[PDB]
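Below: one structure, written as structure tokens.
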Amino acid sequence: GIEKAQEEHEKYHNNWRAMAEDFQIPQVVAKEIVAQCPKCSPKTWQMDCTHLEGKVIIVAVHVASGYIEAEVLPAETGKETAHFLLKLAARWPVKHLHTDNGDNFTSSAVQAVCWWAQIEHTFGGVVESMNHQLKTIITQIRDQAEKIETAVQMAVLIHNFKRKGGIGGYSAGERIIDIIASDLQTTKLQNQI
Amino acid sequence: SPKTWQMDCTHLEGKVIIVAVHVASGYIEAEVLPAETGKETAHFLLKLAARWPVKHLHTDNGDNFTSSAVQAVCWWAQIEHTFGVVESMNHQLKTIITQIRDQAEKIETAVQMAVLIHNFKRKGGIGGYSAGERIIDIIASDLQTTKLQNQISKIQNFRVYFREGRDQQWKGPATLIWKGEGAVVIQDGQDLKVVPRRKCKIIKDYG
Amino acid sequence: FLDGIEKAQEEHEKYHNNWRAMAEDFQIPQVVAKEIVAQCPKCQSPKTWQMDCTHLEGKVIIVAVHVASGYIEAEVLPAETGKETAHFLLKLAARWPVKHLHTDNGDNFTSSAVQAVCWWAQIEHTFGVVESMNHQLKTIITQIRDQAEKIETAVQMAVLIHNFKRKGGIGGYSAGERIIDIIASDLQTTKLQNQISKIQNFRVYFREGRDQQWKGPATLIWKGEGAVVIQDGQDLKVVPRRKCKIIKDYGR
Amino acid sequence: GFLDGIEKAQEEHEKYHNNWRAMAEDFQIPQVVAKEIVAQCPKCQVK
Ligand SMILES: [Zn+2]
Ligand SMILES: [Zn+2]
Ligand SMILES: [Zn+2]
């Protein structure tokens, strides 16, 4: 397996995760194979903010499955963004966070929550497609709820558990549950063996 | 049951805390309400049903838990409501809150940090798992069972054109059963047979 | 069956599903679920390509990208005239189904040879992703440059590595699996639409229970072995075959 | 062929409003295209 991974990386320059999946190697060996070349993630969440009907909506997406999580904010300050990030870290296992060059994403409370929860913060085309789909669903079932917050939560429920799209024909919640369960079993077997 | 949740409300330092608990794993979601009306209870139940698959809700005979807003949200989300663990989880959450109280200014940060500590930093039980690993394992097992029973018919909905020995015409659309590496099992006229991989064409045939 | 149609109509009234999910869940045929979607008032591209040119080491590269999947086809041109761009467009239109082409307002893209190729191959040309794809292709070309002697071999090896060796996105697929899945879904939709019109060229007179009169002409939707699904008065109903008479309808 | 027959049958039904069996026997076109010529007229009904 190690010889096949070295030959495949010498030809095509693959990364370490795809080699460790396709050749069934422990990940540190593929990490050292990638690190020895001179020519050269189930816990990553991308966050963004948008405007709708005079409100501020903050949307976080789990990238490997398309799992959405939205909230209605009363302001665009840093304390409410830190509170939403703390709730997201307390609900799901979060390790890597991606944002854009914004205002509330560079703040003392946001850095304090990221330090306390040990999240790797990085700054910088999936989140725009998720926001576009969320806008279409919100305008589709707007006339069933009076408030805007209730319509946002119903659109999150419809997007997570009622839209069986893609190649495999799987919803988003089943995909994130299967991904984290398979990753936990893989880390357990690699820690035992 | 892998999809049963229980809800309760409590008081802490003059506030109102609402606690929902997944029973089979001891998984905790909690929030701080500014009141005890039916609208905030219906909004918390809607957020809980939008995040996780809730099918069976168990509550007591309270004041806000018997109302038109909670009834309408349960109708729209198709949740079965029953009236009669959570007190033990409430005492546990109060003890964790009093343990890390001197690290937070407001009570809301203390509630969310206690939820994170209880969900991912308290390993016990038999195998040595926390609550999040247990709820993910239970839901993954149940979903694997039901989707296996559907995916068998999904893989039997294909069509195979095969070739027999010493005849130069492609035979009719038999039904695929299993596709190996060097062999293909098909059912043709209620007869099971095994053909090599180089004598078959597997399509879906829209038409 | 009728319980499945009623549950599917209530589920679409609440959540506005698609027809593939309803056909898989409630075990109804695809034409009935497509009619349920087609009756909703609140519910009413796989063949678009973009082209561009660039320079690399004194050579003129031309890149064509399928937009909805990110699928790259590249070539090295000897010059930058209109006849070579028309030849590259004719090869691209001969290998993949191209129906809508998007370019910039260059010289060679505004030419009589390219206009004649678009006329013969029936392509809609529109003048204004590709710059990001040119950037990524040039990074791969500078990454594997030492394994080739000429520049055309390096361009084609970078195209192969981008198409089949780089994985990402939602499901973790490459570009080739994405373009094949997208075109196959569009093919399934067109075949189902042909069957829908061919079935809906009929008409049904049905007789209710405890009556001897024939009712109004309802439109046929699905003709089963023992059941018949008809639409009448914005309502779907299932009548058995021994109480129905199917006639042709010339009502264009 | 009978493609010019289809053109002349459309002109003849545009003037005189024939039926389909008469046009099928006169212009030697098949019965399906003759019934379609009658069907696409708003005033006539095939019977
Ligand atoms: Zn390398
Ligand atoms: Zn609809
Ligand atoms: Zn006429």
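Just so we're on the same page: first chain in the structure tokens is A, next is B, and so on; residues restart at 1 for each chain, and ligands are numbered from 1 in the order they show up.
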
Handout entry: Expected answer as a VMD selection string: residues within 12 Å of ligand 3, only C-alpha atoms and all ligand atoms
Key = chain D and resid 9 to 20 34 to 46

Practice task
Mind the document's chain letters and residue numbers, and return as a list in words the residues of range 24-105 of chain B that DSSP labels strand (DSSP E or B).
Solution key: residues 27, 28, 29, 30, 31, 32, 33, 56, 57, 58, 59, 80, 81, 82 and 83 of chain B

What does the list of residues within 7 Å of ligand 1 look like if you count only C-alpha atoms and all ligand atoms, written as a compact mmCIF listing (two decimals) with N, CA and C atoms, in the first residue's frame?
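File written: pocket_5.txt
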# COMPACT_ATOMS: atom_id res chain seq x y z
N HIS A 9 1.32 9.20 -5.87
CA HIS A 9 1.62 10.60 -5.58
C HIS A 9 2.74 11.12 -6.47
N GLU A 10 3.67 10.26 -6.89
CA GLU A 10 4.72 10.70 -7.80
C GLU A 10 4.15 11.00 -9.18
N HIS A 13 0.16 13.53 -7.91
CA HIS A 13 0.21 14.46 -6.77
C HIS A 13 -1.15 14.58 -6.07
N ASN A 14 -1.61 13.46 -5.52
CA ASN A 14 -2.84 13.44 -4.74
C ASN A 14 -2.57 13.89 -3.31
N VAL A 34 3.00 13.04 1.65
CA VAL A 34 2.72 14.36 1.10
C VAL A 34 3.76 15.38 1.57
N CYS A 37 7.14 15.47 -0.33
CA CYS A 37 7.25 15.91 -1.71
C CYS A 37 7.61 17.39 -1.77
N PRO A 38 8.68 17.74 -2.50
CA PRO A 38 9.05 19.16 -2.58
C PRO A 38 8.12 19.99 -3.45
N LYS A 39 7.40 19.36 -4.39
CA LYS A 39 6.53 20.09 -5.30
C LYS A 39 5.22 20.52 -4.65
N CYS A 40 4.91 20.05 -3.45
CA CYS A 40 3.67 20.41 -2.79
C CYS A 40 3.92 21.36 -1.62

Practice task
Tell me which protein, DNA and RNA residues are within 8 Å of residue 5 in chain D, counting only C-alpha atoms, leaving out same-chain ones fewer than 3 positions away, and put them as a list in words.
Solution key: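 Counting only C-alpha atoms, the residues come to residues 1, 2, 8, 9, 27, 28 and 29 of chain D.
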
Fill in the blank from the handout: From the list C:99, C:145, C:87, C:55, the nearest residue to chain A using only C-alpha atoms is C:145
